[PDB]
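The data below hold one chain only, encoded as C-alpha coordinates and taken in the form solved without this ligand.
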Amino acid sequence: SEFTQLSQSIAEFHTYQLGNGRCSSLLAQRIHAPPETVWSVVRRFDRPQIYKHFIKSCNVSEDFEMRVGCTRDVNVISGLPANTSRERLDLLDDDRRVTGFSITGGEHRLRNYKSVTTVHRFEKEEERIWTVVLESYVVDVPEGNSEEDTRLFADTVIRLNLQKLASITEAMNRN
(Lines give C-alpha, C1' and ligand atoms only; values in the text may rest on other atoms or scores of the structure.)
Protein backbone atom coordinates (compact mmCIF):
# COMPACT_ATOMS: atom_id res chain seq x y z
CA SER A 1 0.00 0.00 0.00
CA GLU A 2 2.96 2.32 0.71
CA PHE A 3 6.09 0.75 -0.70
CA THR A 4 3.98 -0.99 -3.35
CA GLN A 5 4.01 2.04 -5.64
CA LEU A 6 7.81 2.02 -5.20
CA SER A 7 8.61 -1.65 -5.67
CA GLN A 8 6.62 -1.55 -8.87
CA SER A 9 8.95 1.10 -10.25
CA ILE A 10 12.02 -0.75 -9.09
CA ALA A 11 10.72 -3.83 -10.95
CA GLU A 12 9.92 -2.00 -14.18
CA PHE A 13 12.60 0.70 -14.37
CA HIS A 14 15.44 0.05 -11.87
CA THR A 15 15.91 -3.65 -12.38
CA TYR A 16 18.70 -4.98 -14.49
CA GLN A 17 19.90 -7.80 -16.58
CA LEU A 18 23.45 -8.82 -15.61
CA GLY A 19 25.18 -8.36 -19.01
CA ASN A 20 28.76 -9.62 -19.32
CA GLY A 21 30.88 -6.48 -19.27
CA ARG A 22 28.25 -4.27 -17.75
CA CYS A 23 27.32 -2.99 -14.34
CA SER A 24 24.52 -1.10 -12.67
CA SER A 25 23.33 0.35 -9.44
CA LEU A 26 20.32 2.01 -7.85
CA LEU A 27 20.32 5.02 -5.55
CA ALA A 28 17.63 6.76 -3.51
CA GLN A 29 17.21 10.21 -1.97
CA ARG A 30 14.61 11.78 0.45
CA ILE A 31 13.70 15.33 -0.37
CA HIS A 32 11.57 17.43 1.98
CA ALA A 33 9.49 18.90 -0.84
CA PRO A 34 6.42 18.02 -2.88
CA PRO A 35 6.87 15.60 -5.79
CA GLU A 36 5.29 18.06 -8.22
CA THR A 37 8.13 20.49 -7.47
CA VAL A 38 10.85 17.83 -7.66
CA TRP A 39 9.43 16.47 -10.88
CA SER A 40 9.44 19.97 -12.40
CA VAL A 41 13.27 20.06 -12.20
CA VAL A 42 14.07 16.44 -12.99
CA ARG A 43 11.92 16.44 -16.16
CA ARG A 44 13.82 19.43 -17.71
CA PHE A 45 16.15 17.48 -20.03
CA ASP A 46 16.94 20.94 -21.44
CA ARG A 47 18.72 22.08 -18.24
CA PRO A 48 20.43 19.48 -16.07
CA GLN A 49 22.83 22.19 -14.72
CA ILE A 50 20.23 23.09 -12.12
CA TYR A 51 20.67 19.93 -10.08
CA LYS A 52 23.85 18.40 -11.43
CA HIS A 53 27.47 19.07 -10.63
CA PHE A 54 30.44 19.53 -12.94
CA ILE A 55 28.46 20.94 -15.85
CA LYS A 56 30.20 23.84 -17.54
CA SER A 57 27.35 24.12 -20.05
CA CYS A 58 24.54 22.23 -21.77
CA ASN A 59 23.47 23.04 -25.36
CA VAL A 60 20.41 21.90 -27.28
CA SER A 61 19.36 22.76 -30.85
CA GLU A 62 17.76 26.02 -31.89
CA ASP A 63 14.43 24.31 -32.70
CA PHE A 64 14.58 22.31 -29.48
CA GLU A 65 11.54 20.27 -28.50
CA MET A 66 11.39 17.62 -25.79
CA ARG A 67 10.55 14.12 -27.12
CA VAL A 68 11.95 10.59 -27.05
CA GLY A 69 15.01 10.89 -29.37
CA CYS A 70 15.79 14.39 -28.15
CA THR A 71 19.46 15.34 -27.97
CA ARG A 72 21.74 17.43 -25.69
CA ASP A 73 25.45 18.23 -25.57
CA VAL A 74 26.71 18.34 -21.98
CA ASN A 75 30.13 19.94 -21.47
CA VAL A 76 31.47 18.33 -18.32
CA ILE A 77 34.50 19.21 -16.16
CA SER A 78 34.36 16.41 -13.58
CA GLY A 79 37.76 15.51 -15.09
CA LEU A 80 40.43 16.93 -17.43
CA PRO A 81 40.55 17.89 -20.20
CA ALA A 82 36.92 18.99 -20.51
CA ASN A 83 34.51 16.61 -22.09
CA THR A 84 31.30 16.89 -24.19
CA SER A 85 28.74 14.21 -23.34
CA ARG A 86 26.25 13.39 -26.16
CA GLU A 87 23.01 12.31 -24.49
CA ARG A 88 19.55 11.24 -25.61
CA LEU A 89 16.10 11.22 -23.95
CA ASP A 90 14.94 7.61 -23.74
CA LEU A 91 11.62 8.19 -22.06
CA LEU A 92 9.45 10.83 -20.48
CA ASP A 93 6.06 10.37 -18.79
CA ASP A 94 4.66 13.36 -16.96
CA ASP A 95 1.91 11.21 -15.36
CA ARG A 96 4.04 8.49 -13.75
CA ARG A 97 6.90 10.95 -13.09
CA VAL A 98 9.47 8.88 -15.05
CA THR A 99 12.34 10.16 -17.16
CA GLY A 100 15.40 8.47 -18.60
CA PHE A 101 18.39 9.00 -20.90
CA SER A 102 21.45 7.49 -22.45
CA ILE A 103 24.94 8.60 -23.31
CA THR A 104 25.51 7.77 -26.96
CA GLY A 105 29.11 9.09 -27.01
CA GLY A 106 31.64 11.67 -25.91
CA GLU A 107 32.12 10.25 -22.43
CA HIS A 108 34.76 7.60 -22.15
CA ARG A 109 34.15 7.05 -18.44
CA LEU A 110 30.53 5.99 -18.96
CA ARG A 111 30.25 4.15 -22.28
CA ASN A 112 26.72 3.07 -23.23
CA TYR A 113 25.34 4.52 -20.05
CA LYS A 114 21.58 4.36 -19.70
CA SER A 115 19.78 5.98 -16.76
CA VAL A 116 16.26 6.28 -15.40
CA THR A 117 14.89 8.51 -12.65
CA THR A 118 11.50 8.27 -10.91
CA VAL A 119 9.99 10.60 -8.31
CA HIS A 120 7.80 9.15 -5.56
CA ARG A 121 5.21 10.60 -3.14
CA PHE A 122 5.82 9.72 0.53
CA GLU A 123 3.35 11.00 3.16
CA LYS A 124 4.18 9.17 6.44
CA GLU A 125 0.86 12.74 12.36
CA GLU A 126 0.82 16.10 10.46
CA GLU A 127 1.84 14.22 7.33
CA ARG A 128 3.45 16.86 5.12
CA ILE A 129 4.06 15.56 1.60
CA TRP A 130 7.71 14.39 1.29
CA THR A 131 9.49 12.89 -1.77
CA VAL A 132 11.77 9.98 -2.60
CA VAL A 133 13.74 10.03 -5.86
CA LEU A 134 15.18 6.89 -7.37
CA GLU A 135 18.02 6.95 -9.92
CA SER A 136 19.48 3.88 -11.54
CA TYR A 137 21.82 3.18 -14.40
CA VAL A 138 23.42 0.49 -16.44
CA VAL A 139 26.84 1.12 -18.10
CA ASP A 140 29.80 -0.59 -19.77
CA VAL A 141 32.74 -1.50 -17.57
CA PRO A 142 35.83 -0.37 -19.56
CA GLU A 143 38.00 -3.33 -20.38
CA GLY A 144 40.80 -3.36 -17.81
CA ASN A 145 38.70 -1.82 -15.08
CA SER A 146 36.95 -3.55 -12.24
CA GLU A 147 33.21 -3.37 -11.92
CA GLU A 148 33.69 -1.80 -8.47
CA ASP A 149 35.73 1.12 -9.78
CA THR A 150 33.31 2.16 -12.51
CA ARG A 151 30.49 1.73 -9.98
CA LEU A 152 32.15 3.90 -7.32
CA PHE A 153 32.50 6.63 -9.88
CA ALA A 154 28.92 6.58 -11.23
CA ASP A 155 27.47 6.27 -7.72
CA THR A 156 29.53 9.07 -6.25
CA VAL A 157 28.40 11.59 -8.87
CA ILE A 158 24.80 10.46 -8.78
CA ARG A 159 24.80 10.87 -4.98
CA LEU A 160 26.14 14.41 -5.12
CA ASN A 161 23.67 15.34 -7.86
CA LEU A 162 20.75 13.95 -5.86
CA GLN A 163 21.98 15.96 -2.86
CA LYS A 164 22.03 19.15 -4.95
CA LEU A 165 18.56 18.17 -6.25
CA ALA A 166 17.38 17.93 -2.60
CA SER A 167 18.70 21.41 -1.81
CA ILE A 168 17.57 23.25 -4.89
CA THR A 169 14.17 21.59 -4.44
CA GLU A 170 13.96 22.15 -0.67
CA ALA A 171 14.85 25.81 -1.34
CA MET A 172 11.88 26.16 -3.73
CA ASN A 173 9.63 24.92 -0.90
CA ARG A 174 10.65 27.79 1.41
CA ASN A 175 10.77 30.72 -0.99
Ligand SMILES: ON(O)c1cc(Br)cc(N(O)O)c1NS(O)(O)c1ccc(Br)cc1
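Residue numbers run from 1 along the displayed sequence. Think of the rigid core as the biggest set of C-alphas that the two forms share within 1.5 Å after superposition.
As for the form deposited with this ligand bound, it is not shown, yet the points below apply to it.
- Should the pocket be classed as open or blocked once this ligand, positioned as in the deposited complex, is overlaid via C-alpha superposition of the site (3 or more ligand atoms within 2.4 Å of backbone or C-beta atoms defines blocked)? Blocked.
- Task: Verify the contact flag for residue 109: yes if a non-hydrogen atom of it lies within 4.5 Å of a non-hydrogen atom of this ligand in the deposited complex, no if not.
- Result: Yes, residue 109 is a contact residue.
- Query: With the partner left out of view, is residue 78 within 4.5 angstroms of this ligand in the deposited complex by any non-hydrogen atom?
  - Reply: Yes, residue 78 lies within 4.5 Å of this ligand in the deposited complex.
- Query: Does residue 54 reach this ligand in the deposited complex if we count a contact as any heavy atom within 4.5 Å?
  - Reply: Yes, residue 54 is a contact residue.
- Item | Contact test in the deposited complex: residue 13 vs this ligand, heavy atoms, 4.5 Å | Result no; residue 13 lies far from this ligand in the deposited complex.
- Task: Can you tell me which bits of 140-159 touch this ligand in the deposited complex, meaning any heavy atom within 4.5 Å?
- Result: Contacts from 140-159: 153, 154, 157, 158.
- With the rigid core superposed, which of 52, 43, 114, 109 has its C-alpha shift by 2 Å or more between the shown form and the other one? That would be 109.
- Item | Core-aligned CA displacement of residue 91 at least 2 Å between the shown form and the other one | Where the cores coincide, residue 91 shows only a C-alpha shift between the shown form and the other one that is less than 2 Å.
- Against the shown form, C-alpha atoms of residue 107 and residue 113 in the deposited complex: closer or farther, for a change of 3 Å or more? Farther apart, which means the C-alphas of residue 107 and residue 113 are at least 3 Å more distant in the deposited complex.
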